[PDB]
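Structural overview for review
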Amino acid sequence: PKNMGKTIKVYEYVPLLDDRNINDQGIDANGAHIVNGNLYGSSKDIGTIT
Amino acid sequence: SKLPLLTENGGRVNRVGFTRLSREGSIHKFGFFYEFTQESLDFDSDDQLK
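Note that residue numbers begin from 1 in each chain and follow the written sequence, not necessarily the entry's scheme, while residues that lack coordinates are absent from the view. Following the order in which they are written, the chains are lettered starting with A and the ligands numbered starting with 1. What appears here is a fragment of a larger assembly, so each number quoted concerns just the fragment shown. Note that the side-chain values use all heavy atoms of the structure and ignore hydrogens as well as water. Residues with missing side-chain atoms are left out of burial classes, side-chain pairs and their counts.

The record names cryo-EM as the way this model was obtained, at a resolution of 3.60 Å.

Dropping the structure here:
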């Protein structure tokens, strides 16, 4: 659009289970606070999934 | 001293003459401008710059 400018910008939205989703709002299944914001990220290891 | 004073022998006495002056006035030209580019009115913050 005119009168906006010469550069554009967008918003990439990372999914919940992605290693880029780096945040501090995370509570583990036992109700304690955890460092990682997501659940397990992009890991495959079945132990870290269960 | 300078009063117009006539005698009985009226003749060539007390002559007066008049003068006519003039006042002038001219005409002058002014002006100014400003330049802009389409790249300054197409993508610019304000919509009604012009």
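Only the six-membered ring of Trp is used, alongside the rings of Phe and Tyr, when aromatic pairs are assigned; centres must lie within 6.5 Å, and planes under 30 degrees apart are stacked while those over 60 apart are edge-to-face, with the rest tilted. A complete count under the given rule lists two aromatic pairs over all chains for this structure. Relative to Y13 of chain A, the ring of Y11 of chain A lies with its centre 6.4 Å away and its plane at 55 degrees, an arrangement referred to as tilted. Given a relative accessible area of 72%, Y13 of chain A falls into the exposed group. The interplanar angle of 70 degrees and the centroid separation of 5.4 Å between the aromatic rings of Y34 of chain B and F36 of chain B together place this pair among those described as edge-to-face. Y34 of chain B sits in the exposed class, given a relative accessible area of 56%. Burial status follows relative accessibility: with a 1.4 Å probe on protein chains alone, a residue under 20% of its type maximum counts as buried, one over 50% as exposed, and anything between as partly exposed.

Unlike most non-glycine residues, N3 of chain A shows phi in positive territory, near 65 degrees. Take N3 of chain A: it is sitting in the segment before α1 (46-49). Exposure remark for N3 of chain A: the relative accessible area of 17% places this residue in the buried category. Despite not being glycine, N14 of chain B has its phi angle at roughly 60 degrees, a positive value. Strands are runs of DSSP state E lasting at least 2 residues, helices are runs of H or I lasting at least 4, and numbering of each runs from the N terminus. On the secondary structure map, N14 of chain B appears in the segment before α1 (38-41). Judged by its relative accessible area of 40%, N14 of chain B is partly exposed.

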